[PDB]
Amino acid sequence: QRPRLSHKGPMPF
Amino acid sequence: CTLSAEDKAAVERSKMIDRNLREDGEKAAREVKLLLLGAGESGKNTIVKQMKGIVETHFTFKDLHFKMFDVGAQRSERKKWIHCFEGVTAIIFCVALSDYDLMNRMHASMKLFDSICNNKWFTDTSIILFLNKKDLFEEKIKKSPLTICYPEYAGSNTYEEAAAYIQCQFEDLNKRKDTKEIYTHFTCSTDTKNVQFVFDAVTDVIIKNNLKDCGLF
Amino acid sequence: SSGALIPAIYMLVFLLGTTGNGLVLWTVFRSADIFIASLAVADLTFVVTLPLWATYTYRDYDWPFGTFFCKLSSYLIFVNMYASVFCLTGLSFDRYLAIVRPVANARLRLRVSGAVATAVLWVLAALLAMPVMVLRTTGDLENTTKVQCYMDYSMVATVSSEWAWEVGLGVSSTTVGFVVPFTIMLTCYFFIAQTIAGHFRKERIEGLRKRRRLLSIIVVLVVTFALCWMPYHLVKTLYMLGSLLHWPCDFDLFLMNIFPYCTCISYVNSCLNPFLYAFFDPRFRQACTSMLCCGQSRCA
Amino acid sequence: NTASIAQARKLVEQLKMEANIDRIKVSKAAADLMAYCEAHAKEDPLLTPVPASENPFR
Amino acid sequence: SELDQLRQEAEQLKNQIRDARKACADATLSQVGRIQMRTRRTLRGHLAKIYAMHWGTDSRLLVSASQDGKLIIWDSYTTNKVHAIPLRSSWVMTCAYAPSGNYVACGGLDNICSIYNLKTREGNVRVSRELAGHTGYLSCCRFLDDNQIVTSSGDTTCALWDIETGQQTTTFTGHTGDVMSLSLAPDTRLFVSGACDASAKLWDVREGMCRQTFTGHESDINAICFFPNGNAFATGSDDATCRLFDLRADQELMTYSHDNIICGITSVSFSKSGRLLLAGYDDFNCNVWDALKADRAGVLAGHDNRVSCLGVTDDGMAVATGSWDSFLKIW
């Protein structure tokens, strides 16, 4: 599992 | 702007005057003002000479500009002009140690210290207490103990013990121990450290004030 | 299980922030009173536009708001991270200019106090927070039939090197948002602590009670920030780096299982900032209590 | 001493000079104050405000 | 026994004065509307406490003596500053603006009343004279004319100067405490000076003799003003009461007391018709006492610190008050 971490929280990077 | 040429020139004049006032006000916020006070017939004049109505004395030490408002020659009510000096950086206080044998001069000096240190305008202004004429006291103490003027004293007639006792008696009259501090320096007629003691005490006051102000308390 | 916990935690920090920083903003309407006010605005703006993501997490993919709000709210939450960290650091450097060198540093505090630091920090915040709305769009993924909020990184770069773009952006934000400001704050408070320990004499009769309050507040002032903004960037860059070199399955899974909590820990400092910077000095205590008791009745 | 006696003479002379004054009944002075305060009520722009067209401050 | 005989003579004369005052009190002054004033101009530019203020005679120009060592001559109508006169000693406690509008006196803690010159060719304010001769701080300076000035110092004396030669023309002695207040009659023939021993005296500017003594206060007297017809004081004290003495009846007439007020008065001035008696208090507010019924008719709030100066323009159009926060407002 390697999903983007930006589509679950309010901070992309 | 619905203003003739004369009113626009007037507004340019007002702007120039505001520019001059703001510059002079930023300039006079760099100076350290020290109210020089003291009992009658003390070492106030010799301190004035060694450091350099209202008499001002301007001097500088390591790029810090001072001002010493000596309040001499005004025998009027203190409650009517003492609030002019609310905001000085510190209060210098000159007491003569040789006056304990001449009611009692030291008792009157302590009364004036009590009236000044506990005043309602000076609830945040430190005191730089000086004790002049230490050598004449040193010479006189070996002959007359302090019992003539300090009955509770049960110590020796030695310079160090008695000087510490007087320093404690004077620091005791401060009833606001957590907002103002009393810096005591034992000076004499020929002592080249007075300006150093004043500079160090003023730096301490300035730093503790910036701490109270920038929010750290 | 966390699907309801994360939204509830966001709501709890929302209620706390819009109360603490609200009261601070009400009571502050002294140098370092511009920075308190600026810090209060960042906390109120930072937690107010959260209930939108609070509701959104409840379904983890359903974003029942406009495509535009995926830009406005994300831009707010990023500009506010940067403004809050930048302002708090400017506040510590102003304290250093005022407490360590009070005589030789009058001119610098005249130049770079709350007059210019506020404008410049906010400009740098807005200028660094650009790639958060330039690259952020909205899409309804057919694999879930739910309108999710996500980033593309395609509106600017080629997909052939998308791994390097995300690496660069992730490393750059932490470097400009937690590395430099935290080092600056640590240096400033180390020197202020040396000065406080040097000036307040210990060999005094009940005079050192001014030496433990100040040193304790400095230590707390550094440690709160070092323990709030650290785990977030820690796990973030740990995951973005380990997933690219060589990693197992019990490591990455733990990182993904703990990130929705490291992103909730970085929201408690936003609520703590009043109780550490503004309601600590007894001046705001008295004025704020008088104001809170004037118009409010004596009986609940 | 002579200084106290001389100052006492000066004080008693001044205080006796303050005695030879022609007083009037307090009701008369009160009536005069009322009459003045009423005769000039129409020219007090703090007691009877002035219209905004005539007020020079705004 | 000359000392005791003269003391008994003084006591007998005091009894005679008291009985003569009692024999003239058949009634009181006690036998409306609410005022609301709004700040029009706020005059900014000072950096420390403001200690005095005086209106020009044409009702446009001000003078504001603050402890930066700077007099500023404001232009009330548009809030501009005409001049900014730097002082030679920043411990200023008073000021005045000449009736013709030419000179601006300014004194204080240096015991020296300096007289500035506003209208000269060289385009700047030049000191015209420095009237030395007092031994204590200077409290109030009033311009009788362009060539005479009355000063009142902590020497317990008021003294009429002569600007041309700089020499003290007459000296008024008789007070026992400091003199903190002064006000000239509308015809400029009489003074009143309030001393810090609860007494206000009536001087004669052309002779130097004291005529009456207004007693009744219980503390200092911080400020005095004349009734616009020239027959009533209004002495503001430190025990938080104004009083209106009457010159003809030689008796106190009314008191402005209010149990909610424990702070002393710093300045007092009447209105143009003589009905409103404004007053500036230590509690940062000003009140408007209905000078014929003793009731309050307003409050002028909006200062963050003590109100130290106050003066109603000569037209009655405005009331300018200054306060120790360096903001001079115009109601």
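The rules behind the values
Residues numbered from 1 in each chain as written, not as in the entry; some residues may be left out. Chains lettered and ligands numbered in written order. Heavy atoms only, no water. Residues with missing side-chain atoms left out of burial classes, pairs and counts. Helix = DSSP H or I, 4+ residues; strand = E, 2+ residues; numbered from the N terminus. Rg over C-alpha atoms; globule rule 2.2 N^0.38 Å. Contact = heavy atoms within 4.5 Å. Nonpolar A, V, L, I, M, F, W, Y, C, P; charged D, E, K, R; others polar. Pairing = 2+ DSSP bridges. Axes fitted to C-alpha atoms, helices over the stretch in contact; angles between N-to-C directions. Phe/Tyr/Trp six-rings, centres within 6.5 Å; stacked < 30°, edge-to-face > 60°. Buried < 20%, exposed > 50% of the residue type's maximum accessible area, 1.4 Å probe, protein only. Disulfide = S-S within 2.5 Å. UniProt positions renumbered as here; feature names shortened; annotations may be inferred. Polar contact = N/O pair within 3.5 Å; in protein donor to acceptor, adjacent residues only side chain to side chain. Core = buried A, V, L, I, M, F, W, Y, C linked by side-chain atoms within 4.5 Å. Salt bridge = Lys/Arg side-chain N within 4 Å of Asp/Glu carboxyl O. Parallel < 35°, antiparallel > 145°, perpendicular 65-115°, else oblique. Left-handed = near helix turned anticlockwise from the far one by under 90°.

K.L.:
Mind showing me how you'd approach the overall build of chain B here?
P.N.:
Counting secondary structure elements, chain B contains seven helices and six strands. Its helices and strands in sequence order give chain B the pattern α-β-α-β-β-α-β-α-β-α-α-β-α, from N to C terminus. Expected size for 217 residues packed as a compact globule is a radius of gyration near 17 Å; at 22 Å, chain B overshoots this value by more than 25%.

K.L.:
When you look at the interface of chain B and chain E in this model, what are you seeing that I'm missing?
P.N.:
You'll often see interface size given as the accessible area lost when the parts meet. Each partner contributes residues to the interface: chain B has 26 residues there, and chain E has 26 residues. Mapped onto the side of chain B that touches chain E, the elements with two or more residues apiece are α1 (5–27) and α3 (78–81) of chain B. The dominant element in the side of chain B that touches chain E, judged by the number of residues it contributes, is α1 of chain B, at 10 residues. Residues of the side of chain B that touches chain E, tallied by class, amount to 11 nonpolar, six polar and nine charged.

K.L.:
Would you mind going over the sheet that holds strand β24 (residues 296–299) of chain E with me for this structure?
P.N.:
Adjacent strands of a sheet form backbone hydrogen bonds with each other and so pair up, either parallel or antiparallel. All names here are of chain E. A sheet is described by the order of its strands in space; here four strands give the open sequence β21-β22-β23-β24, paired in antiparallel fashion. Looking along the sheet, the strands with just one partner apiece sit at the ends: β21 (265–270) and β24. Within this sheet the neighbouring strands show an average axis-to-axis angle of 20 degrees, counted without direction. Of the strand pairs in this sheet, strand β22 (residues 276–281) and strand β23 (residues 286–290) are connected by five bridges, and their pairing is antiparallel. Bridging from a neighbouring strand, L278 pairs with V288 of β23.

K.L.:
I tried to follow the interface of chain E and chain D on my own but got confused; where do I start?
P.N.:
Every contact between the two is made by 52 residues of chain E and, on the other side, 35 residues of chain D. Within the residue set of the side of chain E that touches chain D, elements represented by two or more residues are α1 (2–22), β16 (210–215) and β19 (242–246) of chain E. The dominant element in the side of chain E that touches chain D, judged by the number of residues it contributes, is α1 of chain E, at 11 residues. Residues of the side of chain E that touches chain D, tallied by class, amount to 28 nonpolar, 10 polar and 14 charged.

K.L.:
Explain the packing of aromatic side chains to me, please; I cannot follow it from the model alone.
P.N.:
The way to describe two aromatic rings as a pair is by their centre distance and the angle between their planes. Throughout the structure, instances matching the rule amount to 43 aromatic pairs over all chains. On the basis of an interplanar angle of 45 degrees and a centroid distance of 6.2 Å, the ring pair of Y82 of chain C and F86 of chain C is categorised as tilted. Placement of both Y82 of chain C and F86 of chain C in helix α4 (residues 69–99) is noted, with a separation of four residues, approximately one turn of the helix. Note on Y82 of chain C: relative accessible area 3%, which makes it buried. Aromatic side chains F172 of chain E and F191 of chain E sit 5.0 Å apart centroid to centroid with 75 degrees between the ring planes, which places their arrangement in the edge-to-face category. Of this pair, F172 of chain E sits in strand β12 (residues 170–172) while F191 of chain E sits in the loop between β13 (179–182) and β14 (193–195), and the two are 19 residues apart along the sequence. Both residues of the pair, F172 of chain E and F191 of chain E, belong to the buried class. Aromatic rings pair up to connect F13 of chain A together with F78, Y82 and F86 of chain C into one cluster.

K.L.:
What is the right way to read the pairing of strand β5 (residues 126–132) of chain B from this model?
P.N.:
The side chains of a regular strand alternate between the sheet's two faces. All names here are of chain B. Burial of β5 is extensive: seven of the seven residues sit out of reach of the surface. Burial of β5 is two-sided: the residues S126, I128, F130 and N132 facing one way and the residues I127, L129 and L131 facing the other way are all buried. Relative to β5, strand β4 (residues 90–96) is paired through seven bridges, and the arrangement is parallel. In the sheet register, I91 faces β5, and the bridge partner there is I127. The pairing of β5 with strand β6 (residues 182–186) spans five bridges and is parallel. From the neighbouring strand, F130 faces β6, where its bridge partner is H185.

K.L.:
What is the right way to read the UniProt feature "disulfide bond" in chain C from this model?
P.N.:
All names here are of chain C. With its sulfur atoms placed 2.0 Å apart, the pair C70 and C149 listed by UniProt as a disulfide is counted as bonded here, the threshold being 2.5 Å. Of this pair, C70 sits in helix α4 while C149 sits in strand β2 (residues 146–151), and the two are 79 residues apart along the sequence. With respect to burial, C70 and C149 carry one shared label: buried.

K.L.:
Can you walk me through the UniProt feature "transmembrane region" in chain C in this structure?
P.N.:
All names here are of chain C. UniProt's feature table lists "transmembrane region" at residues 6–29, 33–54, 68–93, 115–132, 167–191, 215–238 and 258–280, given in the numbering used throughout. End-to-end, the C-alpha atoms of residues 33–54 are 32 Å apart, and along that stretch the chain is 86% helix and 0% strand. A distance of 35 Å separates the end C-alpha atoms of residues 167–191, which is 100% helix and 0% strand.

K.L.:
What should I look at first to understand unusual backbone geometry in this one?
P.N.:
Most peptide bonds take the trans form, and the phi angle of most residues other than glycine is negative. All names here are of chain B. We note that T2 has phi near 60 degrees; this positive angle belongs to a residue other than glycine. Here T2 lies in the segment before α1. Judged by relative accessible area, which is 80%, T2 ranks as exposed. Backbone geometry at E41 places phi at a positive 55 degrees, although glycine is not the residue there.

K.L.:
Would you take a moment to explain the side chain of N174 of chain B for this structure?
P.N.:
All names here are of chain B. Here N174 lies in the loop between α6 (159–172) and β6. A polar contact of 3.0 Å, which involves the side chain of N174, links it to the backbone nitrogen of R176. Among all residues touching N174, those that are not within four sequence positions of it are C117, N118, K180 and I182.

K.L.:
What is the right way to read the nonpolar core from this model?
P.N.:
In globular proteins that are soluble, nonpolar side chains generally tend to be buried together. With 84 residues, the main nonpolar core has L216 of chain B together with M81, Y189, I192, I196 and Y277 of chain C as its most contacted residues. If you tally residues by element for this core, the top one is α4 of chain C, at 16 residues.

K.L.:
It is not clear to me how the environment of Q8 of chain E should be interpreted in this structure. Could you clarify?
P.N.:
Residue and element names in this part refer to chain E. Relative to the elements of secondary structure, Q8 occurs in helix α1. What makes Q8 partly exposed here is its relative accessible area of 43%. Separated by 17 residues in the primary sequence, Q8 and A25 place their C-alpha atoms 26 Å from one another.

K.L.:
What exactly am I supposed to notice about the state of the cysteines here?
P.N.:
In a disulfide, the sulfur atoms of two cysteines are covalently bonded to one another. All names here are of chain C. One pass over the full model with this rule turns up one disulfide over all chains. Linked covalently through their sulfurs, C70 and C149 form a disulfide whose S-S length is 2.0 Å. Taking the sign of the torsion about the S-S bond as the criterion, the disulfide between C70 and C149, at about 95 degrees, is right-handed.

K.L.:
Is there a simple way to explain the arrangement of the chains in this structure?
P.N.:
Once contacts are tallied for each of the four pairs of chains in contact, the highest total is for chains D and E. Kept free of each other, chain A and chain D leave a smallest C-alpha distance of 53 Å between them. What separates chain C from chain D at the closest point of their C-alpha atoms is a distance of 28 Å, and the two make no contact.

K.L.:
Looking at this structure, I do not really get the sheet that holds strand β11 (residues 158–160) of chain E. What am I missing?
P.N.:
All names here are of chain E. The antiparallel open sheet is built from four strands, whose spatial order is β9-β10-β11-β12. The two strands at the open ends of the sheet, each matched to only one other strand, are β9 (138–143) and β12. For this sheet, the mean inter-axis angle between neighbouring strands, taken without regard to orientation, is 15 degrees. The sheet contact formed by strand β10 (residues 149–153) and β11 spans three bridges and is antiparallel. Note on β11: the bridge partner recorded for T151 is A159.

K.L.:
Help me out: how do you make sense of the pattern of salt bridges in this one?
P.N.:
Pairing between side chains of opposite charge can happen when their charged atoms approach one another. Residues and elements named next belong to chain E. Summed over all chains, the structure comprises 31 salt bridges over all chains. Residues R60 and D75 are paired through a salt bridge, measuring 2.7 Å at the closest nitrogen-oxygen approach. Of this pair, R60 sits in the loop between β2 (50–53) and β3 (64–66) while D75 is found in strand β4 (residues 70–75), placing the two residues 15 residues apart along the sequence. Exposure remark for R60: the relative accessible area of 30% places this residue in the partly exposed category.

K.L.:
How should I be thinking about the packing of helix α7 (residues 162–199) of chain C against helix α8 (residues 209–242) of chain C in this particular structure?
P.N.:
Axis angle and axis distance: for two packed helices, these are the angle between their axes and the distance between the axes, and together they describe the pair. Residues and elements named next belong to chain C. For the pair α7 and α8, the least separation of the axes is 10 Å and the interaxial angle reads 165 degrees. Judged on the interaxial angle alone, α8 and α7 are roughly antiparallel. Relative to α8, the crossing made by α7 is left-handed. Classifying every residue of the contact of α7 with α8 gives 21 nonpolar, four polar and two charged.

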